[PDB]
């Protein structure tokens, strides 16, 4: 008829009649999630109660506060009293969304705040938290999923700098797999972890992947080329160290190397002459640079490694 359309918290609209009826009251109509709700308010601004009935006989109730700052959207069973669901939303767009089990307790609670952070909670038939997913205003987040025993089954923690840790547990609740994603996208992938702390390790860099092992004290990624084995060692605090071993006994060709932790540089020597510098940068890259044919000092420029063969080549 002659209605005014009013925008409501929670992305809903209501139509309220412009003209009061015989009793000073106003007709209200709203469509929410395809259901047409209707009511009658003694207010003329779109506040009041609207109600509807779904095809499965659920009753729906929309309550709009007097100043239009809040809406409450309730779904009941057919008695119109047993609460199935409830969504409360404020003008600042903070909102709580609740689902309720057949006991009338919460099975799900989802809260969004004004700063856009949010928490999702799921609860099993025991009333215990089975899943939690929080996101914060800086887009960091925590994900926890619990098995029927109530132990962790999966956990992912993401930071503001986009680094993250993903953890997966076996049916016994013990840590099986762990992925550490650095701020720059490079990854440490731990798999086949056993209860004694060891397992298989991969570092996924930009362009190539290193393989190795995890033990009690460090991760060791190994690159072997013929007689020469280069071992990249990351301690528990992420402090990188590098070893090189050459089983070539011939003095004309054998590779020695000296690791300088201050410079993050492995300097390779052949036949009493320096030959190349390998720099393990703080940005999870490797560069190689060659010394001159006299071993005096470096020549040309450093080249950032983009492929595993380039590491192998530097070891020939």
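Residue numbers count along the first chain shown, from 1.
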| property | result |
| --- | --- |
| 169 to 177 versus 215 to 223 - greater average Cα B-factor per the deposited record | 215 to 223 |
| Given 186 to 194 and 74 to 82, the range whose Cα B-factors average higher in the PDB entry | 186 to 194 |
| Member of 63, 31, 264, 45 with the greatest C-alpha B factor (per the PDB record) | 264 |
| Deposited CA B-factor, highest of 256, 38, 41, 247 | 256 |
| Ranked C-alpha temperature factor of residue 240 among modelled chain residues, by third | highest |
| For residue 11, the third of its chain into which the C-alpha B factor falls | middle |
| Residue 21 - Cα temperature factor, lowest/middle/highest third of chain | lowest |
| Third assignment of residue 208 from its chain's C-alpha B-factors | highest |
| B-factor third for the C-alpha atom of residue 233 within its chain | highest |
